[PDB]
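Here the structure comes first, spelled out in structure tokens, and everything after it is commentary.
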Amino acid sequence: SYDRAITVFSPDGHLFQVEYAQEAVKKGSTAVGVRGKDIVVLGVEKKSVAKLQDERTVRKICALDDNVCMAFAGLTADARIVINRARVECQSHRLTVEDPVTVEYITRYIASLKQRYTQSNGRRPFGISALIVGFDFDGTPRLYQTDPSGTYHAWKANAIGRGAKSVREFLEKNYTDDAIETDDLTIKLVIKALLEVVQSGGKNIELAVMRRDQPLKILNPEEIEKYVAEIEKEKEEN
Amino acid sequence: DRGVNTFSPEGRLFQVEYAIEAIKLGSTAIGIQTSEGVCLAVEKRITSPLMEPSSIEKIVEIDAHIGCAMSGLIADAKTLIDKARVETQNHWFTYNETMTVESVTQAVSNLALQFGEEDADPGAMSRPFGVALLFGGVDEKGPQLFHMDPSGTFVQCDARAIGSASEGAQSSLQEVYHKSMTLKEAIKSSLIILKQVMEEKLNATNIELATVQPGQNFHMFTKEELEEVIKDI
Amino acid sequence: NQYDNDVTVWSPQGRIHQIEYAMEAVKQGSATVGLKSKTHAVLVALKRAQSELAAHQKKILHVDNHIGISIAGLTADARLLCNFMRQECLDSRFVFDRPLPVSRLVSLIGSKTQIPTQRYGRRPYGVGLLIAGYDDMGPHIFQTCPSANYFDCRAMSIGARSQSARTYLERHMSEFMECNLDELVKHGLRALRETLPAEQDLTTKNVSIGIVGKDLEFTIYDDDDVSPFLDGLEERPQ
Amino acid sequence: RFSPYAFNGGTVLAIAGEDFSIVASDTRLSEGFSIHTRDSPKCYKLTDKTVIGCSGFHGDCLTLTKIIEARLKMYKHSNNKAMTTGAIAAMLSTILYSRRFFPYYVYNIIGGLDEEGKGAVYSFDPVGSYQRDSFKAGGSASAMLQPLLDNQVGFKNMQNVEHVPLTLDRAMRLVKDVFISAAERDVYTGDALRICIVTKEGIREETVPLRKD
Amino acid sequence: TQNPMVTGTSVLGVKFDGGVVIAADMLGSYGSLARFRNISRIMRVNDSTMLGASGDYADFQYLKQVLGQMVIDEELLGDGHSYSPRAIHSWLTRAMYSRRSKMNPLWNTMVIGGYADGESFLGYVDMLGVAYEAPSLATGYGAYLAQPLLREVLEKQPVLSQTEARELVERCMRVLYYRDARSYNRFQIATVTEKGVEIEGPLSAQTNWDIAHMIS
Amino acid sequence: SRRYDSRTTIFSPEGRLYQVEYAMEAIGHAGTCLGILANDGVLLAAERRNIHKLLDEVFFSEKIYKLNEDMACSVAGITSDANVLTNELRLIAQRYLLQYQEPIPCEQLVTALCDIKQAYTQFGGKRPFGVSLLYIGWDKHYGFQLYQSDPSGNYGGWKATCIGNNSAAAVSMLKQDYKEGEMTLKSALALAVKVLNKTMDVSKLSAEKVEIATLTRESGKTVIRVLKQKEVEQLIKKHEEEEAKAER
Amino acid sequence: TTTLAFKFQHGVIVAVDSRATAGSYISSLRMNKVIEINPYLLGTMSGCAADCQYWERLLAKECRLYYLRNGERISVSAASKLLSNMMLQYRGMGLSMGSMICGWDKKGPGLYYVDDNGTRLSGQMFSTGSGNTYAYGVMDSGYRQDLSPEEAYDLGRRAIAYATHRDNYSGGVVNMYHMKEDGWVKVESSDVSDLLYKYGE
Amino acid sequence: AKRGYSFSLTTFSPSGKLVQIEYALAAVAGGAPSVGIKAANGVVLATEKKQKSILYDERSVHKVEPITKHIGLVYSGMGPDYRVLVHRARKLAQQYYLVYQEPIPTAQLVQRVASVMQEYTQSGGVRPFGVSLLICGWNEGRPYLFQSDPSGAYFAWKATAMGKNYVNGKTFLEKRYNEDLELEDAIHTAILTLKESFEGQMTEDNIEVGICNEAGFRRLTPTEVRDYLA
Ligand SMILES: *[C@@](C)(CO)[C@](*)(O)[C@H](Cc1ccccc1)NC(=O)[C@H](Cc1ccc(OC)cc1)NC(=O)[C@H](C)NC(=O)CN1CCOCC1
Ligand SMILES: [Cl-]
Ligand SMILES: [Cl-]
Ligand SMILES: [Cl-]
Ligand SMILES: [Cl-]
Ligand SMILES: [Cl-]
Ligand SMILES: [Cl-]
Ligand SMILES: [Cl-]
Ligand SMILES: [Cl-]
Ligand SMILES: [Cl-]
Ligand SMILES: [Cl-]
Ligand SMILES: [Cl-]
Ligand SMILES: [Cl-]
Ligand SMILES: [Cl-]
Ligand SMILES: [Cl-]
Ligand SMILES: [Cl-]
Ligand SMILES: [Cl-]
Ligand SMILES: [Cl-]
Ligand SMILES: [Cl-]
Ligand SMILES: [Cl-]
Ligand SMILES: [K+]
Ligand SMILES: [K+]
Ligand SMILES: [K+]
Ligand SMILES: [K+]
Ligand SMILES: [K+]
């Protein structure tokens, strides 16, 4: 077996390998999640598909369990490993314990997995950050995010990838009850914050929404383009 | 390029000294050992008002009578904390009693320099933990506070601070400590020193406060209770 | 230097630098003194504080009813060696029901400490020990180092400024064999005192004592239990 | 084939009072219809506060006492204190259960004081099921020792006795009496009776001769 | 060992004033058959402790070599330390129980005689790990035949001179020869004292067969 | 020891993996390999790099592998690494069959090998497989499918794509010509020969230099054929005859 | 042993006997067969004593870790499922343990029966031990969802007491608990034979 | 005591080239020349066995080796490395026979042997083989000739050469080799391709040649080689 320490401390006290993995996520496609009142919605971008490529395959919104879904940014090949490890863990928590996974627990596992890859021999850290969206069994909405280091926090709204600094700053200015009042305006809030950084066009936007008790919904490029119309009718006018 | 178990000409392990440096980037945490209890306090370091307040947990519960303040690489700490929690419950199972604060700290200190490359397991450690820990609690030797760093070295403290502003808070505790301090003055002092060494103003949602006193168990402070101790500035 | 990163690399002069670098770790720790009479073996060590608010470090540790140690160097390497010594003493009592002779225990350290100096990826033990014990052959004072080498000594000092203590004992080594226990400890304290700067002297907070012999099992006196020995002090001269 | 067990007899008794604990046993070691030795007391000092009594297969009892001895030292180096009576009893339960599928043919009773200075007694089975109680007997003659203690110490089956608290003096005679009775009926009980008294002062041993047939 | 092949019968032990004396006959049986009538079942461990062994002879010879090497190893260090009779007894107890617990026992019963620090030592070791100390010892059929004799004398006279112990032992070997079908009339006496271990050559107990004429 | 370690599974300062990107360069120097998806089928077309008067032609193909009853792939890169992966692809396919008693869905088989290739970039300290793969097949869920595999362990579903030499030129050539939802297998076969002819090195094109395999659904059975030499000859010449009708 | 538990409008009540038997002999008559895991979890014991003690304490050990990790306490469903899984690791090795898990989580009042075999079922009523059939008879004859705390205390008391009268291996005392919305409260430790004389007028 | 290196000694350079494989190719390109010719009714394999001294016993070691009854081997490159591959080839041939009770198809042996070669281009602490293999065989009434090389890649040949002057030997064969030879003709054109790269005078001791047909595979005796040397 390969027993070399890959991730080690620098003289200044830096984990370069973990920091390089954070450079990989910053090169990743724009991903934004926001918690509403009744629903939670994710949105993912920098899609840039050749239109010669079938896009059903390159979808960055993944469901981990019945009540949990996630979005990622960075090395998409790494993400697939993490996602399927989390999917296996979702079914094991269901076998060891009757209860379905809490959002915080699955986030904690994914975080513990990434952390383990920063302190174990023979392996490099994962090159992805995750945004985890789900509902509690009591119904209170939950949004979390992780990074290559292994740290996780809960967010009201957040962005990762390229244009994260730009979109994040937008969310701080635009996150009030006037925007969260309805279910429609929260979806609109994602699209607006999304269309704010991407090479414009609702054709490059795949976003998912899930209501308190409803199964996960991936939206029609019809439904989202209908909302892109309510932004352009209220952009030249407003 | 060298190995992880290499000695400096000085006489220290590089990876350990570098792990000490990683803590100097972590948010500051203070513990105070009062004759009538132990108080732990830490700054959260909010990066955005979008981040959830109670989401960051830099002071956690290990046992009914033990609290742990953490600084440095948070992700490294929570692996060590689970190990601390596992040890207490293994000990409870085997001996039907609560562990001493010294033994709990000693248990975590055993994982110290258990890292390496060759002549090791597949899942053996590649590096040390970029974390410092303050174990504060009450056992049959009264109230106690212990400090631990990546060298494995652990020692009791009457009062200690660790993090980015370590020396500044250390001097502030030095001239403001009586071994006869009350718990009212203990929480106050930690709150007074915290605002001085920080880049952000002290809010009720900005910090975590914890008490372990003989009578009652480890307690996580609620926002309303924080507003009563921040009332006396 | 390129002959000094691994223990498995010999210097052209015919030396191993990584052993010598580990030997430096011993010298940086606070001083500790071991001496013996025909009946007793006494350890005297200087506790150190990083700050005045923190307590003093433990210097003297229990091994068995008839064996005790004082440490100098890395804490974890000291704790690891202490646990090996304890385990060896336990196995000896478990199997033979009689205490493990001091000579043989030290020989086991000499054999164990040698292993890591000869394997790649391993490192020497960053601690030196002073071992005080009592067996069929009377009292013993032993010395171990990062190099697997060990010595049987009439008296010894290791740590910072241990040269001063070493010279004190060297003058009075013929004195010890007919010494009363109270006179023996004062000799140990007087040597430890020489290590300190002229401004400061031995206090009840910074002095630790370990005693084993014909009369009693190994005992550690620390704070209030230490002042009987300090009181009755010939004054610090120059 | 080959049997890993032998039966060596021995009965052990423990009683708890306000500030004392009593652990008592016969001194007979036997095998088949022969006596191995007449000088084999089953009581053993672990700490100044706690005493153990083991009976059954002597090979198991010997190795188990040595495991406990080593484990006591391991605890004190690690925790910087002595293992309490309750802690030893808790540890013994786990040690015995680690052999659930190849058990120690052993009957252990723990006698000492709790942290409040009060008398404590712990009774075990070969596999580690245990609890605290005022009085318990284990071994080949335990069924002979039990009912008399149930009646006199527990005040069972009685109508207008005033329920006098247990004294050291009375318990001492009680311990002596039940063994005198058992030595008359049980062939594995005899020779001598050793009583270990645990108090705040420490462990005091006492010997009273028994039937040698 | 699951089934022992060549076995030895009872080993005798009793401690006199200033030492211990051990007896065992020079027979190795293969079932009922007397196979080897001139083999030693006793050894000198060192100058303070000695050992006689019942049961499987191959297991005894194995334990003889392991103990033999342990003494050599200790003599090499020359650190003023040596194994006491109690230390050998404790080791042997730990060895037997360990082998027994792995369901692969050393098929032996042992008597360990010794003299150290002005005190006489006599210890019993079983194949199951049963261990204790007694003033007199007898294994196998000796426990039923010789042990009653020894106890009845030691009750009347606790301290014996070396001569008294010797003649008591010879008397016991007489009983064993008469009554044990797995015994023989060739035996050895081992002795520990201030001077060390002394094993004496082939001995025969005096027999009388005059009761062969008392059946009419 | 660590003196000799090339540190293959390690991060670069920019946040990228060197060995993976260096493996990408190896693909560029290998044969041009294209896949095109049609309405009534899907095909692979690849440049033969093993060409000589003295080669024996024993196997049906050089770069086309049958993996499954309903799936075939084509390869570009180091052929030994390709053989290792294709044999493994055949194994994963059979394990799924053994377990479920129905053929493995196209995407799933690709995903499985990609997980192995990705594992080689993260742990083990080994060099990655210097191979890109083009998968074509039919399953009962998504019908006719085409997939692309990177040495990174990353995959994507395509309607038309290419890997190997002059790859970027070949795809932009396809990007103009490919008629989405209107492509028949006859149209896709003609496009393949067109893209190859412009992309290839020796210029005139030959039935010894190209390899074409078609995957069709016929009579409720998935039929896979590697096109015969007489067939490739007519495919090249039909493009040649149209190259003579392009002037006046 | 005899062990019983049932739920009604005001929570769940739990009653056990206190006899320990070795062969035909009563080893202990003051044996505690309820384990108080947390303030609102409760475990009963039946079968091999050392098996019960160890394994339900090991469940308790893990219910402790769950609370310290998740910081939110463990559900009843989770606990009983975890125990069933521990039992399943030691399959066909001769562990004899019959236990009922009681508690209050968000789902309301939770009652569960776990076997040494791995069997695990939720329900309104359960009874384990050598005297379960007797405990069942008196339980069913005099049960309704509309019991008051006093009626339920009467029933559980009655059920153990009557079971201990017919069962050779049940006796000692009745130990009863009331599982309320804000945790269990221990009702009584009443002598079995004393009740049987009271019920005999 | 020891434990091997776990990292690859063959990695990708920025150019996308596995340098150690190309460096292994240089080892074979500098070895003694070897030629194989598929000849309609059989196969021939010949090599330069010039030990460059009269002190050697020419009969002691062989370069043309039998793998089984119907398969043979020659090499250009390192002799010691080749021996490893021969031993591995013989075992694989037997492993196949034991399972299927049928002589291993030459194509299947070559694939299995080529996979072993691939391992040493990726496995830790090892260098690739510095040998290229020429494997002949007869199965299903058809002659086969294959080339395996350090890469783990394998090729099928009508005729080819390797080692010293492999480029000149190849062009010679292009012009000289025609399909539908008789086997005895192929031995001539094999020895002729060998003469192009020789340097010295050819005796039956200087060169080694094996043949494969429907009757199996055998190495020609020194007396047989002399009769073709005219
Ligand atoms: C009633 C009294 C009927 O037995 C209960 O089931 C009670 C359960 C219980 C639970 C926790 C605390 C106390 C009591 N069971 C027992 O009293 C139990 C009976 C039993 C014996 C063996 C079994 O396995 C086949 C199953 C049930 N008694 C014991 O567990 C006793 C204390 N243990 C032993 O006798 C130990 N043996 C096992 C092997 O070694 C020799 C002795
Ligand atoms: Cl599973
Ligand atoms: Cl892992
Ligand atoms: Cl980011
Ligand atoms: Cl250090
Ligand atoms: Cl620090
Ligand atoms: Cl040196
Ligand atoms: Cl240190
Ligand atoms: Cl020194
Ligand atoms: Cl009293
Ligand atoms: Cl002999
Ligand atoms: Cl025997
Ligand atoms: Cl052993
Ligand atoms: Cl004894
Ligand atoms: Cl290649
Ligand atoms: Cl690995
Ligand atoms: Cl390695
Ligand atoms: Cl060779
Ligand atoms: Cl095969
Ligand atoms: Cl041949
Ligand atoms: K090293
Ligand atoms: K068994
Ligand atoms: K019992
Ligand atoms: K005899
Ligand atoms: K237990």
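Each chain of the structure tokens is named A, B, ... in the order shown, its residues numbered from 1; ligands are numbered from 1 in display order.
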
Would you mind listing the residues within 7 Å of ligand 14, counting only C-alpha atoms and all ligand atoms, as a ChimeraX atom specification? /D:39-40 /E:132-134

Residue neighbourhood stretch 99-108 of chain C, 10 Å, only C-alpha atoms, exclusion window fewer than 4 positions, as number ranges by chain: C: 64-67, 84-86, 88-94, 112-114, 131-144, 148-152; E: 74, 77, 79-82

Applying 7 Å and only C-alpha atoms, which residues near residue C:188 remain after dropping the ones on its own chain fewer than 4 positions away? List them as a list in words. residues 33, 34, 35, 44, 184 and 192 of chain C

Got a sec to pull out which chain A residues are within 7 Å of chain G, counting only C-alpha atoms, and send them as a list in words?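 Putting it all together, I get residues 96, 97, 98 and 99 of chain A.
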
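Coordinates place atom CA of residue A:222 at a distance of 20.3 Å from atom CA of residue A:32.
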
Can you work out which residues are within 12 Å of ligand 2, considering only C-alpha atoms and all ligand atoms, and then hand them over as a ChimeraX atom specification? /A:84-96

Which residues of chain D sit at most 10 Å from chain E, using only C-alpha atoms? Give each one's shortest atom pair and distance in Å (one decimal place), in chain and ascending residue order, as CSV.
```
residue,atom,partner,partner_atom,distance
D:1,CA,E:2,CA,7.2
D:2,CA,E:2,CA,7.0
D:3,CA,E:128,CA,8.9
D:4,CA,E:100,CA,6.4
D:5,CA,E:128,CA,7.1
D:6,CA,E:128,CA,7.7
D:8,CA,E:130,CA,9.2
D:29,CA,E:132,CA,9.1
D:33,CA,E:144,CA,9.2
D:34,CA,E:144,CA,7.3
D:35,CA,E:143,CA,8.6
D:36,CA,E:143,CA,8.2
D:37,CA,E:134,CA,6.5
D:38,CA,E:134,CA,8.6
D:39,CA,E:134,CA,7.8
D:40,CA,E:132,CA,7.8
D:57,CA,E:130,CA,8.1
D:58,CA,E:130,CA,5.7
D:59,CA,E:130,CA,4.6
D:60,CA,E:129,CA,7.9
D:61,CA,E:130,CA,9.2
D:62,CA,E:130,CA,8.0
D:63,CA,E:94,CA,7.8
D:102,CA,E:101,CA,8.8
```

With only C-alpha atoms as the counted atoms, please give the residues lying no more than 8 Å from residue E:160, apart from itself and same-chain residues fewer than 3 positions off, as a PyMOL selection string. chain E and resi 15-17+157+163-165

For the residues in that selection, give me C-alpha atoms as a PDB file, in the first residue's frame.
```pdb
ATOM      1  CA  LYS E  15      10.023 -30.077  53.143  1.00  0.00           C
ATOM      2  CA  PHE E  16      12.388 -30.716  56.050  1.00  0.00           C
ATOM      3  CA  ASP E  17      14.391 -28.291  58.216  1.00  0.00           C
ATOM      4  CA  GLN E 157       6.014 -33.863  63.822  1.00  0.00           C
ATOM      5  CA  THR E 163      17.262 -38.065  57.398  1.00  0.00           C
ATOM      6  CA  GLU E 164      13.648 -38.214  58.664  1.00  0.00           C
ATOM      7  CA  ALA E 165      12.347 -36.819  55.362  1.00  0.00           C
TER       8      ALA E 165
END
```

Distance limit 8 Å, atoms considered: only C-alpha atoms. Which chain D residues sit that close to chain B? Return them as a compact mmCIF listing (two decimals) with N, CA and C atoms, in the first residue's frame.
```txt
# COMPACT_ATOMS: atom_id res chain seq x y z
N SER D 78 -3.00 5.76 35.05
CA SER D 78 -3.77 6.50 34.05
C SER D 78 -4.65 7.59 34.67
N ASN D 79 -5.20 7.32 35.85
CA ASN D 79 -6.17 8.22 36.49
C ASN D 79 -5.64 9.00 37.70
N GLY D 86 -16.97 0.49 43.76
CA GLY D 86 -17.96 0.46 42.68
C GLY D 86 -17.34 0.33 41.30
N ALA D 87 -16.18 0.95 41.11
CA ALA D 87 -15.45 0.90 39.84
C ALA D 87 -14.86 -0.49 39.58
N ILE D 88 -14.29 -1.10 40.62
CA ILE D 88 -13.75 -2.46 40.53
C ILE D 88 -14.85 -3.46 40.17
N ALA D 89 -16.00 -3.31 40.82
CA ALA D 89 -17.17 -4.15 40.56
C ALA D 89 -17.70 -3.99 39.14
N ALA D 90 -17.65 -2.76 38.64
CA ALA D 90 -18.06 -2.47 37.26
C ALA D 90 -17.07 -3.06 36.26
N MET D 91 -15.78 -2.95 36.57
CA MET D 91 -14.72 -3.50 35.73
C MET D 91 -14.76 -5.03 35.70
N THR D 94 -17.26 -6.52 33.19
CA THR D 94 -16.80 -6.48 31.80
C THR D 94 -15.75 -7.55 31.49
```

Based on the backbone DSSP call, show me all residues of stretch 98-167 of chain G assigned strand (DSSP E), as a PDB file with C-alpha atoms, in the first residue's frame.
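Result file is out.pdb:
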```pdb
ATOM      1  CA  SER G  99     -36.258  -6.509  26.057  1.00  0.00           C
ATOM      2  CA  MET G 100     -38.818  -3.737  25.692  1.00  0.00           C
ATOM      3  CA  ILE G 101     -37.800  -0.162  24.903  1.00  0.00           C
ATOM      4  CA  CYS G 102     -39.966   2.693  26.209  1.00  0.00           C
ATOM      5  CA  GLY G 103     -39.734   6.440  25.652  1.00  0.00           C
ATOM      6  CA  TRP G 104     -41.119   9.725  24.360  1.00  0.00           C
ATOM      7  CA  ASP G 105     -39.912  11.363  21.169  1.00  0.00           C
ATOM      8  CA  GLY G 108     -45.307  10.646  20.720  1.00  0.00           C
ATOM      9  CA  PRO G 109     -45.246   7.613  23.035  1.00  0.00           C
ATOM     10  CA  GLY G 110     -42.963   4.842  21.750  1.00  0.00           C
ATOM     11  CA  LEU G 111     -43.196   1.184  22.742  1.00  0.00           C
ATOM     12  CA  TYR G 112     -40.926  -1.490  21.257  1.00  0.00           C
ATOM     13  CA  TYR G 113     -40.040  -5.159  21.789  1.00  0.00           C
ATOM     14  CA  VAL G 114     -36.572  -6.413  20.796  1.00  0.00           C
ATOM     15  CA  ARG G 120     -38.213  -5.851  16.602  1.00  0.00           C
ATOM     16  CA  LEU G 121     -41.848  -4.712  16.652  1.00  0.00           C
ATOM     17  CA  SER G 122     -43.824  -1.644  17.717  1.00  0.00           C
ATOM     18  CA  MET G 125     -48.900  -4.004  24.488  1.00  0.00           C
ATOM     19  CA  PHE G 126     -46.050  -6.449  25.117  1.00  0.00           C
ATOM     20  CA  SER G 127     -45.023  -8.992  27.754  1.00  0.00           C
ATOM     21  CA  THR G 128     -41.778 -10.973  28.054  1.00  0.00           C
ATOM     22  CA  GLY G 129     -40.455 -13.767  30.269  1.00  0.00           C
TER      23      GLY G 129
END
```

Hey, which residues come within 10 Å of ligand 12 if we count only C-alpha atoms and all ligand atoms? Could you give them as a ChimeraX atom specification? /E:4,7-10,53-57,106-110,126-127,139-140
